[PDB]
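Trainee:
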Amino acid sequence: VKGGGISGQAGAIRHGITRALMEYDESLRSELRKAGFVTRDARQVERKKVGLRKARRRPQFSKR
Amino acid sequence: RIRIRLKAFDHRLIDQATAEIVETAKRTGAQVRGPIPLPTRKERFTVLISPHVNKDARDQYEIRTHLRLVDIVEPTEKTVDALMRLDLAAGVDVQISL
Amino acid sequence: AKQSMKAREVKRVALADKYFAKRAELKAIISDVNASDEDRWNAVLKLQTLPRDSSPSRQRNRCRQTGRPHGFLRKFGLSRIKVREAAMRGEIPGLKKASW
Amino acid sequence: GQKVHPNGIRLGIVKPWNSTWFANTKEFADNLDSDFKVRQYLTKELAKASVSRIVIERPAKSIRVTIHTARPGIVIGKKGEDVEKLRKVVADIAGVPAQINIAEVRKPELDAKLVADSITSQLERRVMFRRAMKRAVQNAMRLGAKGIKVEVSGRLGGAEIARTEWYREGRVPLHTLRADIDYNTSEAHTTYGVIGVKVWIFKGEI
Amino acid sequence: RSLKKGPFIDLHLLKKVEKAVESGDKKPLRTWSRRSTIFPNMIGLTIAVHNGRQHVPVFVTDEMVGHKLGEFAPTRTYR
Amino acid sequence: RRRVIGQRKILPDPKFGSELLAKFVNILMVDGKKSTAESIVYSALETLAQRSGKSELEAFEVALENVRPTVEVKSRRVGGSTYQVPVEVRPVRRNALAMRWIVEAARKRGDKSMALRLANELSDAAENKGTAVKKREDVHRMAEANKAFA
RNA sequence: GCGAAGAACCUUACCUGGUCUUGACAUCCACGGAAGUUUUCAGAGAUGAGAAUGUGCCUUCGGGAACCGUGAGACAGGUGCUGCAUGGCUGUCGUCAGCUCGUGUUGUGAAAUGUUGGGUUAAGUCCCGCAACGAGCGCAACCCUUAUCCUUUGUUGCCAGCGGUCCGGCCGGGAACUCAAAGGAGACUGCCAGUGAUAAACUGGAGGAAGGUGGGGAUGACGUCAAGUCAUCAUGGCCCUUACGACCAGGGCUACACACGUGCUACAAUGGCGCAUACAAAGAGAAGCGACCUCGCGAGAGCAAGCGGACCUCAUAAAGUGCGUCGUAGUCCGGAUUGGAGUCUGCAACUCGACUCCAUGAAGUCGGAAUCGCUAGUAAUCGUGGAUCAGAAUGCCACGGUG
RNA sequence: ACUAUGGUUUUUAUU
Numbered sequence: 066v067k068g069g070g071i072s073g074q075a076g077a078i079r080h081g082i083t084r085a086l087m088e089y090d091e092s093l094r095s096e097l098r099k100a101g102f103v104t105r106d107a108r109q110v111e112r113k114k115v116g117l118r119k120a121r122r123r124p125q126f127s128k129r
Numbered sequence: 005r006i007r008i009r010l011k012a013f014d015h016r017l018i019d020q021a022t023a024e025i026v027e028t029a030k031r032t033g034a035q036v037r038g039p040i041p042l043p044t045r046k047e048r049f050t051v052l053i054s055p056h057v058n059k060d061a062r063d064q065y066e067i068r069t070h071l072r073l074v075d076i077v078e079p080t081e082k083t084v085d086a087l088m089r090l091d092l093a094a095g096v097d098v099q100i101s102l
Numbered sequence: 002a003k004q005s006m007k008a009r010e011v012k013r014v015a016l017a018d019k020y021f022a023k024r025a026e027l028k029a030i031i032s033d034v035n036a037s038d039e040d041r042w043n044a045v046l047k048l049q050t051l052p053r054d055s056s057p058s059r060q061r062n063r064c065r066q067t068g069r070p071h072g073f074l075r076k077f078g079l080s081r082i083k084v085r086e087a088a089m090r091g092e093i094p095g096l097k098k099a100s101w
Numbered sequence: 001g002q003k004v005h006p007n008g009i010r011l012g013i014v015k016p017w018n019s020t021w022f023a024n025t026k027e028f029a030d031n032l033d034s035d036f037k038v039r040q041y042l043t044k045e046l047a048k049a050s051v052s053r054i055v056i057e058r059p060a061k062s063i064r065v066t067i068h069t070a071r072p073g074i075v076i077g078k079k080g081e082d083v084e085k086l087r088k089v090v091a092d093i094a095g096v097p098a099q100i101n102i103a104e105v106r107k108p109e110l111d112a113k114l115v116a117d118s119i120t121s122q123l124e125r126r127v128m129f130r131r132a133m134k135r136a137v138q139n140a141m142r143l144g145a146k147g148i149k150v151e152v153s154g155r156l157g158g159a160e161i162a163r164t165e166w167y168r169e170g171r172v173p174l175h176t177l178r179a180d181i182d183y184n185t186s187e188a189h190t191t192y193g194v195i196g197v198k199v200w201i202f203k204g205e206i
Numbered sequence: 002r003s004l005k006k007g008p009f010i011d012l013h014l015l016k017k018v019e020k021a022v023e024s025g026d027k028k029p030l031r032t033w034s035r036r037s038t039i040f041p042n043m044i045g046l047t048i049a050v051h052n053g054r055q056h057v058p059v060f061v062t063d064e065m066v067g068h069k070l071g072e073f074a075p076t077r078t079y080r
Numbered sequence: 002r003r004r005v006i007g008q009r010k011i012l013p014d015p016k017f018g019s020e021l022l023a024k025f026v027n028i029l030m031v032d033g034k035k036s037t038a039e040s041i042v043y044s045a046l047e048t049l050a051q052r053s054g055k056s057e058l059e060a061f062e063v064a065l066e067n068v069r070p071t072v073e074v075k076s077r078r079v080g081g082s083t084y085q086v087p088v089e090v091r092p093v094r095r096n097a098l099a100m101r102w103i104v105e106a107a108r109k110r111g112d113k114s115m116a117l118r119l120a121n122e123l124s125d126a127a128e129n130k131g132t133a134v135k136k137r138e139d140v141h142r143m144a145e146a147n148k149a150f151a
């Protein structure tokens with residue numbers, strides 16, 4: 066393994082182990098099919114919204 | 005190891021040299037090295053949409069990097085001077101390398 | 002913007018042609034102080050302030066598209082208040098959208 | 001304004017543009033100043049010569065233009081050399097020697113800028129215009145339109161309110177991303193006030 | 002202080018320092034020199050320094066050298 | 002407005018062996034280092050267990066079973082008057098709440114490290130003890146202010 | 001923290017002495033001469049005098065042209081005033097689903113109707129149905145993009161397979177895997193079964209780049225407020241024109257009689273202090289970014305490699321983690337307005353810039369009733385860059401780490 | 001509904 070943070074390296078290794086078990090046996094190509102370990106997750110970052118510094122915590126700026 | 009990488013700034017002006025970058029290589033010699041993938045820089049600019057106040061919204065624009073290697077594969081000076089004083093496209097900059 | 006300001010906007014480089022635009026490549030070699038107690042060149046740096054309403058710093062461009070000196074984009078030759086309308090019209094070399 | 005303009009984002013993506021040239025950062029504003037001033041010159045000389053668009057190119061140490069018209073004969077004029085008198089002005093504005101040529105545009109009553117030039121006169125003269133608008137629509141729908149709209153704003157019925165009067169056929173959608181709309185704005189002046197007229201044409205997607 | 006090796010010198014005042022050598026009794030002269038410094042080889046004549054609406058007469062002592070003419074002619078009436 | 006995408010469920014904790022502890026390391030989460038979760042497991046399992054609960058299989062779970070919230074109060078109208086009306090606590094909140102309130106008293110001791118100062122107040126919850134038990138006891142007293150309705 | 005990603009002069013409305021009047025920038029009747037190049041004097045300078053030297057190559061009685069300067073009358077010029085005058089630009093309820101027209105019916109008539117009812121949806125969304133029948137505008141749909149596939153190309157990258165090896169991507173060179181583009185495909189409740197007015201619509205399974213608005217965005221109905229803007233302009237009024245125009249040399253715009261809307265860092269100890277360490281993008285870079293190295297406590301300066309950026313540099317990301325240490329205290333906490341002393345740039349840093357080293361260690365013991373933000377890569381919480389430009393951002397915008 | 005209970009904001013150029 067090379068590149069990126071060690072908690073992402075771990076996630077790429079569970080994918081690699083599942084793809085290697087899929088090369089080993091015709092029963093593993095079934096028993097691992099829907100386990101979710103080759104099914105790429107989406108925690109996809111939203112387009113940065115003006116005029117917020119970070120994410121969704123809205124600044125006060127209101128009274129008057 | 006001498007390189008002559010071509011850089012464009014308008015994507016429609018490098019769409020005029022798409023064949024001539026291969027014909028130049030087949031006219032100067034026989035090996036073709038024009039094409040190359042390379043990392044693209046987005047070269048982004050972001051701007052306000054209201055001329056006054058209203059800093060609540062901004063819109064994004066791009067120019068990107070369009071790059072072709074060209075390269076030199078011929079040692080003969082009557083061909084090296086034709087590649088070092090070369091023409092292919094308009095609105096361009098050329099990166100000479102050692 | 003006043004017509005007097007629209008004229009200063011060009012006059013502030015039209016004589017810099019003679020004094021700075023072909024001389025200021027030597028701003029560290031000829032135009033910079035080097036001697037202590039006994040200068041030997043020996044009063045030539047005053048010739049850099051001899052022309053009227055004109056200096057290497059006063060070469061400021063302001064903005065040609067609109068009457069605002071601030072809010073200019075030098076790499077596209079436009080003001081930020083007109084650059085969208087011009088980039089939608091396609092007038093700007095190389096600058097475009099898709100989209101974001 | 002409100003409701004998306006065909007000269008706005010609709011032209012800012014995937015469409016070709018009439019000026020096609022480059023410039024370095026040390027003189028970029030005079031390159032944009034000349035592009036405006038040469039087209040502003042030519043579009044006013046040819047104001048009654050059925051002109052629609054003008055393209056601009058900048059070859060090395062030169063400038064080159066093409067003028068698109070539905071009447072080449074009035075633009076090329078006497079002896080077939082009446083465009084040469086235009087070079088001497090645009091070469092002063094650009095600072096470089098100028099090249100000029102023309103091109104014939106087909107189906108004139110299908111271009112929004114030449115259709116506007118068939119109806120602005122009727123408002124300027126203060127004459128009956130509802131059949132001029134029927135003709136403007138029916139001639140475009142005969143030539144090859146898939147939709148057309150025309151709308152007048154100013155002095156209608158001698159009122160003081162911001163009221164409009166129109167004629168349409170085939171439906172011209174503006175909120176469609178791909179519809180490639182041809183849109184002209186026109187205005188006339190009279191001893192009873194100014195009168196505006198807008199023309200929108202649809203021919204197909206992309 | 003310094004300025005770019007050795008003291009700042011200001012020329013439209015200096016053309017009088019060159020003649021007051023040979024100094025004497027005269028009226029205080031109007032001067033627009035506000036960044037000029039009070040060094041012992043540039044001082045010699047009576048002067049009135051500009052404040053942005055008037056010229057005010059100013060005088061210096063033997064124990065001061067690290068100062069500028071504008072500090073003897075303040076531009077504020079206060080409030 | 003009832004249209005929601007949250008509404009998450011829990012499963013038994015892999016190291017605490019219980020559904021009643023399934024949220025124990027996940028509450029009041031801050032700055033993502035998750036250093037309490039790594040420092041609270043096994044390293045307090047024989048120093049919290051001193052006098053309460055029978056065997057390691059309940060001697061930590063007792064600190065979430067011996068202390069019980071039973072009632073929660075909010076003002077409501079009945080028959081012709083307003084009262085502080087209680088609602089009786091269900092099994093899905095019976096055990097997984099009272100460990101959310103000891104973080105106040107655990108910040109009045111001068112006691113070192115988050116896991117060990119928290120477990121020292123949780124060690125008292127196994128015998129129904131605590132400093133300022135307001136969020137359990139002051140609502141129980143208010144749920145005795147009226148005891149019959151309509 | 002707005003116009004403005006910068007401000008000594010300049011910018012600039014405000015303002016004070018000097019000063020020009022057909023105007024710094026024009027057009028109409030006229031009009032002088034190489035465009036250029038040096039240099040002197042009064043004066044703060046504007047300004048006013050000059051003192052000298054440039055005439056191409058053609059060629060017709062001639063005369064060219066950049067830039068300067070003139071003879072009459074109209075005028076020129078104006079961050080002067082006026083968005084209750086007009087075109088353009090633009091805000092928000094709201095990205096809410098709503099607003100209406102032609103003809104028939106009813107009523108004497110303003111109008112009422114349809115758009116209401118009945119299913120259903122994010123949605124006047126989709127269907128059913130009536131004295132209503134038909135219809136436009138907006139809604140949803142294109143496109144941008146993400147999980148995949150088809151396809152092509154490869155150094156300055158990456159470096160396995162092949163030969164040689166300063167045994168090293170090092171020399172030849174190539175695609176293990178992967179970085180890396182540049183161009184196309186396609187999703188339709190389509191298929192299966194259940195509910196429903198077998199309509200519309202809703203709910204599981206099969207197989208998916210993505211299901212049943214897949215996720216995230218763009219667009220701004222009719223209008224409200226006669227919404228802010230002549231500080232970009234256009235352009236009609238009201239006014240100034242030996243001036244409120246244009247300038248030189250300087251005050252300011254960073255005043256202070258005294259009040260608001262927000263923000264940051266601490267009032268500890270999942271906190272500080274010291275030492276050694278894991279793993280990121282993204283961006284700018286020839287008066288630029290500056291390596292190796294020396295000098296000073298340090299800003300920064302010096303010698304000086306690379307060079308238009310997958311290359312060299314800005315520039316050993318920080319929190320996180322280990323190993324040592326300090327303790328429940330106004331503290332090793334906390335760092336503030338003056339004080340001592342340097343560095344850098346420039347016409348010039350007292351008033352009016354930014355960085356750096358020393359001394360002080362104040363106030364701060366959780367705020368006066370009272371008030372406010374956020375529901376999944378969200379709350380949390382710690383770093384990083386850039387525009388301007390001779391001279392610097394506790395801002396603004398963008399990108400990651402951890403959740 | 002157990003929220004025991006309540007007053008102003010100029011006539012005058014305008015929506």
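Protein chains in written order, with the deposited numbering: chain AI, 66 to 129; chain AJ, 5 to 102; chain AN, 2 to 101; chain AC, 1 to 206; chain AS, 2 to 80; chain AG, 2 to 151.
Note that CB positions come from ideal geometry on N, CA and C, so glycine has one too.
Taking Cβ-Cβ distances shorter than 7 Å, what residues in chain AC pair up with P94/AN?
Mentor: Correct list: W21, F22, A23.
Trainee: Can you name the start and end residues of the alpha helix (DSSP H) that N101/AC belongs to?
Mentor: That residue, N101/AC, is in no alpha helix (DSSP H); its beta strand (DSSP E) goes 98-104.
Trainee: In whole angstroms, what is the alpha-carbon distance linking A25/AN and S56/AN?
Mentor: Cα to Cα, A25/AN sits roughly 11 Å from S56/AN.
Trainee: According to the neighbour-count rule (16 or more other Cβ atoms, all chains shown, within 10 Å of its Cβ), is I40/AJ buried or exposed?
Mentor: By the 10 Å Cβ count, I40/AJ comes out exposed.
Trainee: To the nearest angstrom, how far is the alpha carbon of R118/AG from that of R94/AI?
Mentor: Near 49 Å, if we compare the C-alpha coordinates of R94/AI and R118/AG.
Trainee: Can you check which of these residues, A162/AC, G1/AC, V152/AC, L143/AC, is closest to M128/AC by C-alpha distance?
Mentor: Among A162/AC, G1/AC, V152/AC, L143/AC, the Cα nearest to that of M128/AC belongs to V152/AC.
Trainee: In the DSSP assignment, find the unbroken alpha helix (DSSP H) run with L32/AC in it and report its ends.
Mentor: Taken as a continuous stretch (DSSP letters only), the alpha helix (DSSP H) holding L32/AC covers 28-45.
Trainee: Using DSSP with H/G/I as helix, E/B as strand and the rest coil, what is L79/AN?
Mentor: Looking at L79/AN - three-state DSSP - the assignment turns out to be strand.
Trainee: Where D33/AN and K34/AG are concerned, what is the direct C-alpha to C-alpha distance, given to the nearest angstrom?
Mentor: Each residue's alpha carbon lies about 56 Å from the other.
Trainee: Give me, in chain order, the residues of the same chain whose beta-carbon lies closer than 7 Å to that of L16/AN; leave out the 5 immediate sequence neighbours on both sides.
Mentor: Answer for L16/AN: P52, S55, listed in chain order.
Trainee: For a test of the three-state rule: what should DSSP assign to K23/AN, helix, strand or coil?
Mentor: Reduced to three states, the DSSP call for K23/AN is coil.
Trainee: Counting only runs of 4+ residues fully inside the region 5-79 of chain AJ, write out the alpha helix (DSSP H) ranges in chain order.
Mentor: 15-18, 24-32, all fully within the region 5-79 of chain AJ.
Trainee: Among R126/AC, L156/AC, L110/AC, which residue has its Cα nearest to the Cα of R142/AC?
Mentor: Of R126/AC, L156/AC, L110/AC, the residue nearest in Cα terms is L110/AC.
Trainee: Taking the Cβ atom as the reference point for each residue, do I206/AC and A112/AC lie within a distance shorter than 7 Å?
Mentor: Result no, Cβ atoms of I206/AC and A112/AC do not sit closer than 7 Å.
Trainee: Which chain AC residues are close to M6/AN, counting only those with a beta carbon under 7 Å from its beta carbon?
Mentor: Under the 7 Å cutoff, chain AC gives no residues; its nearest Cβ is about 16 Å from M6/AN.
Trainee: If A99/AG sits next to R137/AG, beta carbons under 8 Å apart, how far is it from one beta carbon to the other, in whole angstroms?
Mentor: 6 Å between Cβ atoms; contact.
Trainee: If we count the other Cβ atoms within 10 Å of its Cβ and call it buried at 16 or more, is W33/AS buried or exposed?
Mentor: Flag for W33/AS reads exposed.
Trainee: Could you tell me the alpha carbon to alpha carbon distance between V84/AN and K146/AC, rounded to whole angstroms?
Mentor: Near 33 Å, if we compare the C-alpha coordinates of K146/AC and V84/AN.
Trainee: Which word fits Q20/AJ, buried or exposed, when buried means at least 16 other C-beta atoms lie within 10 angstroms of its C-beta?
Mentor: By the neighbour-count rule (16 or more Cβ atoms within 10 Å), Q20/AJ is not buried but exposed.
Trainee: Using a C-beta cutoff of 7 Å, does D14/AJ count as contacting chain AN?
Mentor: Yes, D14/AJ counts as interfacial toward chain AN.
Trainee: Please classify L12/AS as buried or exposed, where buried requires at least 16 other C-beta atoms within 10 Å of its C-beta.
Mentor: It counts as exposed.
Trainee: Is the separation between the beta-carbon of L49/AG and that of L21/AG shorter than 7 Å?
Mentor: No, Cβ-Cβ distance for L49/AG and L21/AG is not below 7 Å.
Trainee: Are the C-beta atoms of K11/AJ and some chain AI residue less than 7 Å apart?
Mentor: No, no contact with chain AI.
Trainee: On the CB-based measure, 16 or more other CB atoms within 10 Å of its CB, does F13/AJ come out buried or exposed?
Mentor: With 16 or more other Cβ atoms within 10 Å, it is buried.
Trainee: What are the residues of the region 4-31 of chain AN that lie near chain AJ, defined by any Cβ-Cβ distance shorter than 9 Å?
Mentor: Taking 9 Å as the Cβ-Cβ cut-off against chain AJ, none of the residues of the region 4-31 of chain AN qualify.
Trainee: Let me know the secondary structure DSSP gives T83/AI once reduced to three states.
Mentor: Helix, per DSSP.
Trainee: Between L96/AN and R53/AC, what straight-line distance do the alpha-carbon atoms span, to the nearest angstrom?
Mentor: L96/AN and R53/AC: Cα-Cα distance of roughly 22 Å.
Trainee: Note the first and the last residue of the continuous alpha helix (DSSP H) segment covering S121/AC.
Mentor: Where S121/AC is concerned, the enclosing alpha helix (DSSP H) stretches over 120-124.
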